[PDB]
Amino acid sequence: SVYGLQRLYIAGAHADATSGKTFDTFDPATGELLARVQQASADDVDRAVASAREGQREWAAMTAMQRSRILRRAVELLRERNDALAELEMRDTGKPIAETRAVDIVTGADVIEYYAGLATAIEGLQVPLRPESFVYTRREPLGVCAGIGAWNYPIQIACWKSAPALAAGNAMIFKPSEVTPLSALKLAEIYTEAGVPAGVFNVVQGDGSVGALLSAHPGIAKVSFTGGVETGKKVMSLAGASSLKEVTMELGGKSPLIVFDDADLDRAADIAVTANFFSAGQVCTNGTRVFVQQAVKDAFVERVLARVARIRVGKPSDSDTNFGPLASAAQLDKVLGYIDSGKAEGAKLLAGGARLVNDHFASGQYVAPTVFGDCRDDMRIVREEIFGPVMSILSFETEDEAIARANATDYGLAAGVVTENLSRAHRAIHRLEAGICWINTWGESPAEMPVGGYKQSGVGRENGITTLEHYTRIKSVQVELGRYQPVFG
């Protein structure tokens, strides 16, 4: 294989699993075997929890500034190793090197950097009740937290979940997607090199059954999961039924992008293209229902198709590429099935729509950037998250209509509008039922900005100050300075 035998990371070192099982990860651009990975057993998860409990104690006994400095050093190492990590991530995911070099590690490190600086600002409250009694709260570490990653942003998700957990004094056991197991181990090495105590970031490997081992474990105080809605429901159910864990869920969406008749149409078309085809369409927040007001529909669609024809589909290892293969053959089968469904249900195929099989593309999982026009709300491609490069374009007449149809979904992750008008921009966004809202842009996710889903697109949030607060638990302390007045007298 390219990268050899891979295993677990427990107690500050790589470690053999005890399952007797392995799984393979491939390069989806070529079919090359990247690595054979040992799968964690139930005993291994138990050992990862004992290791995390030990490391968490040492980590939490440090001052907040000592934790800050160690996380700041981890940032330095991620910045130094950006290009090496970006190549590994490109191989494992199939995403273009132009993306992994500029986004995945950069923004992963950005969030660790943000929380490293905030580690000193976790404060409880104090409030008097009367001269003789007052309350103060402590914001204590939860303890051992579990993170379960997705394959579309492997190391970035590892960074985003581990950063607030560690900055708040927790340990984290992280399980990457079995589709993309490699880069999370490099993050574990970097945390150790930066000075993170043994066990504070452990990595276990395997499929959803290993995820279930984490979600069910009685020694884990909180589980944070990123993935599909239906898997997230099983994770949350098990996390609650097993031991009443706290939970964060970052799930899929069918996010609406509303292009109004007073939108900058060049800006709108750029936005729609970014919102549908970045990372080969494999982004939870993608604006995959593109609502366009009738009077600008033709002019907008023309601009969209012109930009789509300029997408550079190619080998993800080529820095000129800005669109590569999907992450797996299962992904490809699903996306092509949706394209078949769209065609059969009468949507108009305006661009793409087929697997690329010429020359080197045959050895990979390549689906062309695809655009459907004249879509209807009752179509499968409009109702369901595809998680691939398929834009559905829908005409509308009025603002109330667009808002009603945008909201008529059980998803609620993101939403966005394009309009030059002050009143319309804010009033439309205020009525959209989504946790992540963009005006005249799309896709940026600053470390300061809490992100998460309404409805079935998630529970809780990531990033922002609030997420650091939610990696602590509140202890309320009432101090009685006066005489205790007997109740039974």
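Numbering starts at 1 and follows the sequence shown.
Peer 1: Of the two stretches 330-338 and 409-417, which shows the higher Cα B-factor on average in the entry?
Peer 2: Higher mean C-alpha B-factor in the PDB entry: 330-338.
Peer 1: Regarding 162-170 and 382-390, which shows the higher C-alpha temperature factor on average in the entry?
Peer 2: Comparing averages over the C-alpha atoms only gives 382-390.
Peer 1: Just grab whichever of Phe134, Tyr366, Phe278, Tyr115 has the top CA B-factor as deposited.
Peer 2: In this record, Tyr366 carries the highest C-alpha B-factor of the candidates.
Peer 1: Quiz for you: based on the deposited Cα B-factor, which of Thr226, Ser209, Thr107, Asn202 is highest?
Peer 2: It is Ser209.
Peer 1: Thinking about Cα B factors across the chain, which third does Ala50 belong to?
Peer 2: Its C-alpha B-factor belongs to the highest third of this chain's values.
Peer 1: Ranked by Cα temperature factor within the chain, is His14 in the lowest third, the middle third or the highest third?
Peer 2: Middle third.
Peer 1: Among all modelled residues of this chain, ranked by Cα B factor, put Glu401 in the bottom, middle or top third, i.e. lowest, middle or highest.
Peer 2: For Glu401, the deposited C-alpha B-factor lands in the highest third.
Peer 1: Using the temperature factors of the C-alpha atoms in this entry, rank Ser177 within its chain: lowest, middle or highest third.
Peer 2: Middle third - that is where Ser177 ends up once the chain's C-alpha B-factors are sorted.
Peer 1: Compared with the other modelled residues in the chain, in which third is the CA B-factor of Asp44?
Peer 2: It belongs to the middle third of the chain when residues are ordered by C-alpha B-factor.
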